[PDB]
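To start, the structure under review is shown below, and the notes come after it.
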Amino acid sequence: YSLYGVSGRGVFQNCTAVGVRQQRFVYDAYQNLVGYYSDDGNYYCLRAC
Amino acid sequence: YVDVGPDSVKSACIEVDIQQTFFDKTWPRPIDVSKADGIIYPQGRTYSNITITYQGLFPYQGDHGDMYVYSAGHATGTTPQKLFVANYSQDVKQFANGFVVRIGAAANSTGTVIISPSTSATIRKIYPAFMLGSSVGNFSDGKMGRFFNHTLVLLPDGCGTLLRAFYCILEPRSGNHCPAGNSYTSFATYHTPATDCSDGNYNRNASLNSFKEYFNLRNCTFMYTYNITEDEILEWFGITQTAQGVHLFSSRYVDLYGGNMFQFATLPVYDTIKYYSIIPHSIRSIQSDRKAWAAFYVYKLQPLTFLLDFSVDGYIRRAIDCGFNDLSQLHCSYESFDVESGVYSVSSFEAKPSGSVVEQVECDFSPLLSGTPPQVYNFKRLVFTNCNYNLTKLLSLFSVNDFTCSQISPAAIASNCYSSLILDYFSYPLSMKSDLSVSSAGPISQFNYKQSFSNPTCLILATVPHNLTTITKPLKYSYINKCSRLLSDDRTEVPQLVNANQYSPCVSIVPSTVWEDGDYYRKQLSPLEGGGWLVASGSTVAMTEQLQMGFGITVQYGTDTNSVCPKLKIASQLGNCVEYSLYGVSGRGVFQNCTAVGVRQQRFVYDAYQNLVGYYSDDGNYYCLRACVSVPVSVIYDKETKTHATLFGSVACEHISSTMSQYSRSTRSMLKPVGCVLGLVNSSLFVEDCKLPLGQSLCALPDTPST
Amino acid sequence: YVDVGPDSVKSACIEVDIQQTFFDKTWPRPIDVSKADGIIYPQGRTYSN
Amino acid sequence: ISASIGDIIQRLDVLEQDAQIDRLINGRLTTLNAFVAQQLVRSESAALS
Amino acid sequence: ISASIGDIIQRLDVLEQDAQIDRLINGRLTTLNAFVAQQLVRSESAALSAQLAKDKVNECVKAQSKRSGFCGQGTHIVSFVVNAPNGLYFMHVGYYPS
Amino acid sequence: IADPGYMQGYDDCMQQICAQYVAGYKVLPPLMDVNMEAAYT
Amino acid sequence: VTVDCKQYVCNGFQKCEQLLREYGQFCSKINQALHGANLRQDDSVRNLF
């Protein structure tokens, strides 16, 4: 993928359902994003390589 | 600029009755971050069920904030009369990092009508209004609360169904009761519910129109509106600013039922907001229509680290203000609302400086002003021991073009007390600024003038005005562009670099002023001097209209023989605690009349390190110093019954005071006495023997069960 | 510049006899730092025991 | 430059002040972390003994 | 500057990219070498404790072992071994007079 | 041993090791009073 | 011995305290590590006696 200001390499899946949903990432306690948003409008949660 | 609709055509303003005592109520609604009061959601990213420690802008735990209340105005049975307000317009606050606002908390409960205290009514939510800006002062009649230049106004309207945000110059109007008119008390806004809040036909400009009666809006760069659905639900509002503009936050759109605040606007306001006030609103009801309006509460934001508990659905329903006390620290300093039960060491509690002893008259800059500043390679040196300096005095004579320092700042070099201040001065052209640098390998550093790298240094470029006439100019500026000797031919030639605080070896052969650009000088060396030759070459720069000079200052920065002090009872004895400030060095100590070890001729004494233990300087006695007082506190957490208990390390049952005001860090913002077997504890009770033994098992032998 | 008193008004100097061999003596007084021979006290600060 | 606060006021400009101070914090805290590793070493060997 | 590559593709420079990256490699590999020193530490202490476990199996598990704790707290009777995560695990059955 | 201070040595050093003055570092007490370790042995 | 970092570094000066707040993870791991060391040592004392 290559999203807005963020790079990265991930395996998107239609996951559920944890986030903010107003602004459009979700991190897990580090710099990484685990990982949905951005698609319109669904939960494409990402993973590491 | 934006059209914000017509000016008011009214020739007067509504009269305003200020009665602060009617608005002085105690209705405490302190921040409880356990319930996530006053929490802005993080901007950078958003999160799931995760907990974390996070540093951002938050209100502090237990902050009561500032309470504001709006009231029904005066009225007869039929006719609204004077507005009725608090003194809020004159109470201008510092914006600092911004603030958050608890809105509508008392809605639905029963409360007083304010203007008629004996009359109660169901409380309804009301929205706050704010005036924010960069510059404030007084109105023509002297009253405070006037905002100058472009001002940000946040003004709800339409009976609480929209927010207006606009940025305009506020021109005070001159009719009776208006801010540039006669009989001015306070400005305010109002609406008239009988005509403005009728079903299906809310007046969306009522408050704006009232505001326009007190001020003409001029050169508005924007006017935005945000629609609000009518309800009586508690909400939070927040405001911050960055270089991107002013950011507005609300719980309404993203967390209406939970209170978390999210960004809903960035306003193009790039002039830094320094001030704000609460705009008083009064409700022009008639007597039989009087309601009670929910107080709102403003809490200042500051950078704090919180432990944030995120639910599965992403919202924050729990937080801990880590700095609130040691117990919260332990909970946090661990990234958990829960901290397993034990003893956890939280930092001091260092004592406050009181009796700042200064020891040291007037530094003699004389011979600088009288005559011709020599050339850079013949720089004159003024030494300063044991005197007071007004340097901003000296630099007020000249016009100063550049001021850079190394290992110090120009601000700092005026303030600090240095025993030795060396001042080097010479003629020097501004055109050659790039060559007068501490980080430069030009001819100046190579062959002319080099400062020490081991002491802090400053370099000043100036221009003698005309006003200064005792300073004479020379034919031209001169400098050395080559200083070297080849040798008896041998195999090598070298270029000589002067050590800091020395003249070039070529000053013996280079005239005090170079006659012509590019002239060269030579001198054969005696076999004792090494043989071969000494060789140099001079450069010139044309003299300027006003003479231009160079100043090099070097401070020590050397522990002994330090005296020099700046020029400006308490700054002497008996400051028998923290602090001192000797000319030689800074520091924080507890002086005592001790005996008797030292040198006694120069005036410190160290003990094998950088520290000074510590007498001298007083005249003449032995005031031996010590390190700072710190209370080495801790926390006895006991998470099963959730009962913290602050223990001090080893002192004292007698020396402490409850919520001690002589000391710095609880830590940090807020704190919260039985010993004395180990140290002092802020926890009852005395022994109470003997059980069981087990954890959480504090120090020497208090085994401390709970509760 | 400083006044250091008048020049000498003498028209000659006292004659000087150089006889280095009369000054060539061996009277050894070597540095013994055990006894703190030749010690400058530190400038920066001063110390106890 | 380590006079216990790196150029707190007099000794350097505030913006750089952060540069020399951040040298002193990275270094001083790193050596503190060496002390913590040392306490873990002598603690484990103390538990063996 | 540590966005997992110093100036990854998206930011500048190309000349200074090797400078910030070489910061990240010297640092990241140095801290990796601290991890390797740590693995040598806990490996050596794990081999000490494993030799202790062999001393606890050959004494306390086969024989009785007529000695105090090690064979914890009381005149020891039986002891049982089960594999725990990373280690063994003992269920020393001791006497307790009372 | 130049240490310890337990409500007499902090004040006793204040009358003048610095586990209670830099703070900074800080020495915790050893879980047992000396009379009680004496009771065990 | 436990160090009370965030006031060892630094001496208690607010700019230096903020530059510690940039390193607010490391100090937590310091005092967390020493408090763990003291509980292991204290259980060695307790289990010893």
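Residue numbers (UniProt numbering), protein chains in the order written: chain A, 606 to 654; chain B, 18 to 377, 381 to 588, 595 to 698, 710 to 744; chain C, 18 to 66; chain D, 1047 to 1095; chain E, 1047 to 1144; chain F, 900 to 915, 924 to 948; chain G, 802 to 850.
For every residue, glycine included, the Cβ atom is placed at its ideal position computed from N, Cα and C.
Hey, could you find the ends of the alpha helix (DSSP H) residue i is sitting in?
{"i": "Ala-138(B)", "result": "No alpha helix (DSSP H) holds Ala-138(B); the beta strand (DSSP E) holding it covers 137 to 141."}
{"i": "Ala-282(B)", "result": "Not the alpha helix (DSSP H): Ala-282(B) falls in the beta strand (DSSP E), residues 279 to 284."}
{"i": "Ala-946(F)", "result": "941 to 947"}
Report the three-state DSSP secondary structure of residue i (helix, strand or coil).
{"i": "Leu-715(B)", "result": "coil"}
{"i": "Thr-492(B)", "result": "coil"}
{"i": "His-836(G)", "result": "helix"}
{"i": "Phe-1126(E)", "result": "coil"}
{"i": "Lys-42(B)", "result": "coil"}
{"i": "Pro-210(B)", "result": "helix"}
{"i": "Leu-265(B)", "result": "strand"}
{"i": "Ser-504(B)", "result": "strand"}
{"i": "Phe-814(G)", "result": "coil"}
{"i": "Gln-819(G)", "result": "helix"}
{"i": "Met-696(B)", "result": "coil"}
{"i": "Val-396(B)", "result": "helix"}
{"i": "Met-913(F)", "result": "helix"}
{"i": "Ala-901(F)", "result": "coil"}
{"i": "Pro-463(B)", "result": "helix"}
{"i": "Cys-828(G)", "result": "helix"}
{"i": "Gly-558(B)", "result": "strand"}
{"i": "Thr-1077(D)", "result": "helix"}
{"i": "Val-420(B)", "result": "strand"}
{"i": "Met-161(B)", "result": "strand"}
{"i": "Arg-542(B)", "result": "strand"}
{"i": "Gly-1120(E)", "result": "coil"}
Report yes if the C-beta distance between residue i and residue j is below 7 Å; otherwise report no.
{"i": "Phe-446(B)", "j": "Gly-570(B)", "result": "yes"}
{"i": "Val-631(A)", "j": "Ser-65(B)", "result": "yes"}
{"i": "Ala-309(B)", "j": "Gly-192(B)", "result": "no"}
{"i": "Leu-414(B)", "j": "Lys-493(B)", "result": "no"}
{"i": "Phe-404(B)", "j": "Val-584(B)", "result": "yes"}
{"i": "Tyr-77(B)", "j": "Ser-690(B)", "result": "no"}
{"i": "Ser-676(B)", "j": "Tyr-909(F)", "result": "yes"}
{"i": "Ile-573(B)", "j": "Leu-443(B)", "result": "yes"}
{"i": "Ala-311(B)", "j": "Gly-121(B)", "result": "yes"}
{"i": "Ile-428(B)", "j": "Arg-1088(D)", "result": "no"}
{"i": "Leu-321(B)", "j": "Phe-112(B)", "result": "no"}
{"i": "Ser-353(B)", "j": "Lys-665(B)", "result": "no"}
Starting from residue i, trace the beta strand (DSSP E) both ways and give me its first and last residue.
{"i": "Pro-430(B)", "result": "Careful: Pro-430(B) lies outside any beta strand (DSSP E), inside the alpha helix (DSSP H) at 430 to 435."}
{"i": "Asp-174(B)", "result": "167 to 174"}
{"i": "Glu-188(B)", "result": "179 to 189"}
{"i": "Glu-252(B)", "result": "252 to 259"}
{"i": "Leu-441(B)", "result": "440 to 447"}
Skipping 5 residues on each side, what residues in its chain have a beta carbon closer than 6 Å to that of residue i?
{"i": "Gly-624(B)", "result": "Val-631"}
{"i": "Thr-477(B)", "result": "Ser-426, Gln-471, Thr-574"}
{"i": "residue 591(B)", "result": "In the structure shown, chain B runs from 588 directly to 595, leaving residue 591(B) without coordinates."}
By Cβ distance below 7 Å, which residues in the same chain neighbour residue i in space, the five residues on each side in sequence not counted?
{"i": "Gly-262(B)", "result": "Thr-283, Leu-284, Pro-285, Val-286, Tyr-287"}
{"i": "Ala-622(A)", "result": "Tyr-648"}
{"i": "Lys-160(B)", "result": "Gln-107, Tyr-201"}
{"i": "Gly-331(B)", "result": "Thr-63, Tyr-64, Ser-65"}
{"i": "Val-26(C)", "result": "none"}
Which same chain residues end up closer than 8 Å to residue i when comparing Cβ atoms and leaving out the 5 residues on each side of it in sequence?
{"i": "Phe-239(B)", "result": "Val-19, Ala-182, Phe-183, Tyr-184, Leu-284, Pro-285"}
{"i": "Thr-667(B)", "result": "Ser-743, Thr-744"}
Fill in: Contained beta strand (DSSP E) runs [length at least 3] in the segment 289 to 377 of chain B, N- to C-terminal order
As far as the segment 289 to 377 of chain B is concerned, its whole beta strand (DSSP E) runs of at least 3 residues are 292 to 295, 298 to 300, 313 to 317, 319 to 327, 333 to 338, 360 to 362.
Discussion item. For the segment 618 to 652 of chain A, list every residue whose C-beta sits within 9 Å of some C-beta in chain I, in sequence order.
Written reply: The displayed structure is made up of protein chains A, B, C, D, E, F and G, and chain I is not among them.
Practice prompt. Give, in chain order, every unbroken run of the beta strand (DSSP E) that is at least 3 residues long and sits entirely within the segment 620 to 664 of chain B.
Written response: 660 to 662
Worksheet item: Can you give, in chain order, each stretch of the beta strand (DSSP E) that sits fully within the segment 84 to 153 of chain B and has at least 3 residues?
Response: As for any beta strand (DSSP E) of minimum length 3 sitting wholly inside the segment 84 to 153 of chain B, the runs are 100 to 102, 116 to 120, 127 to 129, 137 to 141, 147 to 150, ordered along the chain.
Fill in: Whole runs of the alpha helix (DSSP H) within the segment 212 to 243 of chain B, excluding any shorter than 4 residues
223 to 231
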